[PDB]
Amino acid sequence: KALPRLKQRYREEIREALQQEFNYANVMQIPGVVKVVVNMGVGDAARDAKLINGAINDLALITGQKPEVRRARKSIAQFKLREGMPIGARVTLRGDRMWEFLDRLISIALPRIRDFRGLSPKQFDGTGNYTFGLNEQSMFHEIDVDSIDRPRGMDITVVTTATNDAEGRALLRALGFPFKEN
RNA sequence: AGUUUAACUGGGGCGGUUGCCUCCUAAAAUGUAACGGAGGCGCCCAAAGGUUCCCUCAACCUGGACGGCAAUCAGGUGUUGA
């Protein structure tokens, strides 16, 4: 029909490749990309919550979704933080938007960041769910670079049905993630 | 000039206290004294009430850019210690 590039590639070849690398007794034990979450934790919004709107605009122009403004769970004296205030913009991404954002990320943004010597393959939680982070936003072409007054990084996590870092790493590298060899 | 100027009080005075709520004392019903042991109240909320629906934390582990023990994100453990 009109499936995303990455998704048709996934269910055409990557599933079989993962089966070969890990002979799974059941097809439903195959790893799959559940979701990707883009956090934009901005703790600098406590003193002034005017940076959160820029975080929102950035995440929207990146992913395609209005983010969820994560109110603080707790007040912290050191971080100048009360409860309930806007610290962080989260976007959950599932399905077609997820696959499209991953293709965009891989094929555009990661080679667009300065001095891209790869992403660490050790950055797995222990359940085949990856998480890396960025220090800025201009790596996404969707943003007008002239309109970037403040750098605003993020934490991108890719959570999968994999049950270990090995299968997760296989899946991500098959999708085409830049895992440097260390 | 007429009068008032409290009481409890291990004598009285000084000090402290005086009403309400919670615990212990209190002896497994209730209740139970002491200038016995500890605290709190003299409000707040127009939602912090009503109802319908939904959810389940804290803590810990692991991974994560600033981010640090601890901000927000992900996964897991977690039947309750929040």
Side-chain angles (χ1 to χ4, degrees), chain A residues 29-95 97-99 101-102 105-106 108-140 143 148-173 175 177-180 182:
Chain A
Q29 290 195 129
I30 289 281
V33 191
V34 174
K35 59 175 196 268
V36 308
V37 187
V38 195
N39 184 8
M40 193 175 251
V42 296
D44 292 293
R47 52 156 201 283
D48 59 333
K50 313 309 307 314
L51 316 172
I52 200 75
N53 55 53
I56 287 288
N57 282 68
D58 281 311
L59 276 174
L61 272 299
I62 288 155
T63 67
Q65 299 188 8
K66 186 186 175 68
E68 212 198 9
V69 171
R70 305 299 297 150
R71 314 308 186 85
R73 293 189 264 290
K74 209 201 285 278
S75 306
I76 321 295
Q78 298 85 321
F79 300 137
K80 296 175 73 63
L81 195 82
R82 315 303 315 286
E83 277 190 34
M85 48 161 61
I87 48 165
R90 172 258 287 281
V91 173
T92 301
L93 274 167
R94 300 153 189 287
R97 283 187 154 70
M98 183 199 84
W99 294 107
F101 169 77
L102 282 174
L105 181 75
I106 292 155
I108 312 306
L110 304 182
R112 190 155 192 287
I113 44 170
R114 74 288 198 193
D115 188 75
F116 182 55
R117 306 278 68 71
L119 290 169
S120 198
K122 306 165 282 190
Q123 282 171 217
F124 280 87
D125 61 348
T127 49
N129 314 333
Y130 190 70
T131 310
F132 69 101
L134 311 177
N135 286 270
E136 60 89 13
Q137 57 272 26
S138 52
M139 67 283 272
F140 297 106
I143 292 159
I148 297 164
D149 57 350
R150 184 66 164 285
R152 294 181 273 263
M154 62 192 73
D155 286 330
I156 313 192
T157 191
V158 182
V159 74
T160 85
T161 58
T163 184
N164 61 59
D165 293 0
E167 300 168 11
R169 200 181 297 102
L171 171 68
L172 271 300
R173 204 191 277 97
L175 293 156
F177 262 49
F179 292 149
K180 53 178 170 198
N182 51 32

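Naming: A, B, ... by sequence-line order, numbering from 1 per chain.
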Between A:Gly43 and A:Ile87 the two heavy atoms that sit nearest each other are CA-CG2, 4.2 Å
So salt bridge (charged side-chain N to carboxylate O under 4.0 Å, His left out) across residues 69-87 of chain A, not counting sequence neighbours, yields A:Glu68-A:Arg70
Hey, does A:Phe124 reach any base, or is it just sugar-phosphate, or nothing, if we go heavy atoms under 4.0 Å? sugar-phosphate
P spacing across the pair B:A7 / B:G15, given as an integer number of angstrom: 14 Å
Checking B:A58, B:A70, B:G67 against the side chain of A:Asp44 (C-beta onward), the nearest is B:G67
**Q.** Presence of A:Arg169 side-chain N/O under 4.0 Å of B:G63 phosphate oxygens OP1/OP2
**A.** no
Roughly how far apart, to the nearest Å, are B:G49 and B:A70 at atom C1'? 36 Å
Symbol by symbol from the 5' end, with Watson-Crick or G-U pairs under 3.5 Å, [ ] crossing and | another strand, RNA chain B is .....(((......[)))((((((..........]))))))...............(.(((((.........)))))...).
Residues at least two apart in sequence or cross-chain that pass side chain to side chain contact (heavy atoms under 4.5 Å, CB included) with A:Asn39, listed by chain then number, are A:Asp155
Whole-Å distance, A:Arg71 CZ to B:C73 P, equals 13 Å
Going 5' to 3' through nucleotides 74-82 of chain B and flagging B where a protein heavy-atom sits under 4.0 Å of the base, S where only the sugar-phosphate is that close, and - otherwise, we get SS-------
Name each donor-acceptor pair under 3.5 Å that joins a side chain in residues 113-124 of chain A to protein atoms two or more places apart or in another chain, with its distance.
unit_1: A:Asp115; atom_1: OD1; unit_2: A:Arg117; atom_2: NH1; d: 3.1
unit_1: A:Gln123; atom_1: NE2; unit_2: A:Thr131; atom_2: O; d: 3.1

Hits for side-chain hydrogen bond (donor to acceptor under 3.5 Å, both in side chains) against A:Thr163, two or more places apart or cross-chain, chain-then-number order -> none
For residues 55-66 of chain A, the salt bridge (charged side-chain N to carboxylate O under 4.0 Å, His left out) pairs (sequence neighbours left out) are A:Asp58-A:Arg152
Here the salt bridge (charged side-chain N to carboxylate O under 4.0 Å, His left out) pairs for residues 126-135 of chain A, sequence neighbours left out, are none
side-chain hydrogen bond (donor to acceptor under 3.5 Å, both in side chains) pairs touching residues 45-56 of chain A, sequence neighbours excluded, are A:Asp44-A:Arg47
Residues passing the ring-ring contact (aromatic ring centres under 6.0 Å, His included) test with A:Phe79, sequence neighbours excluded, are none
Residues in residues 54-63 of chain A with a heavy atom under 4.0 Å of RNA chain B, by number, are none
Closest to the 5' end of RNA chain B, once A:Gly126 and A:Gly153 are matched to their nearest nucleotides, is A:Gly126
Taking for A:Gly41 and for A:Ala77 the nucleotide of RNA chain B with the nearest heavy atom, the one nearer the 5' end belongs to A:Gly41
Base, sugar-phosphate, or nothing for A:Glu136, non-hydrogen atoms under 4.0 angstrom? nothing
Query raised in the report: Expressed as a whole number of Å, how far does the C1' atom of B:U9 sit from that of B:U4?
Result: 23 Å
Value for CD (A:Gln137) from CE (A:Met154), rounded to nearest 0.5 Å, stands at 6.5 Å
Side-chain atoms of A:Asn39 come closest, of B:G67, B:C73, B:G64, to B:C73
Hits for side-chain hydrogen bond (donor to acceptor under 3.5 Å, both in side chains) against A:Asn135, two or more places apart or cross-chain, chain-then-number order -> none
Paired with A:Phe140, the side chain to side chain contact (heavy atoms under 4.5 Å, CB included) test is passed by just one of A:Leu59, A:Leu105, A:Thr63, A:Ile108, namely A:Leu105
Contact under 4.0 Å: A:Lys74 side-chain N or O vs B:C57 OP1/OP2 = no
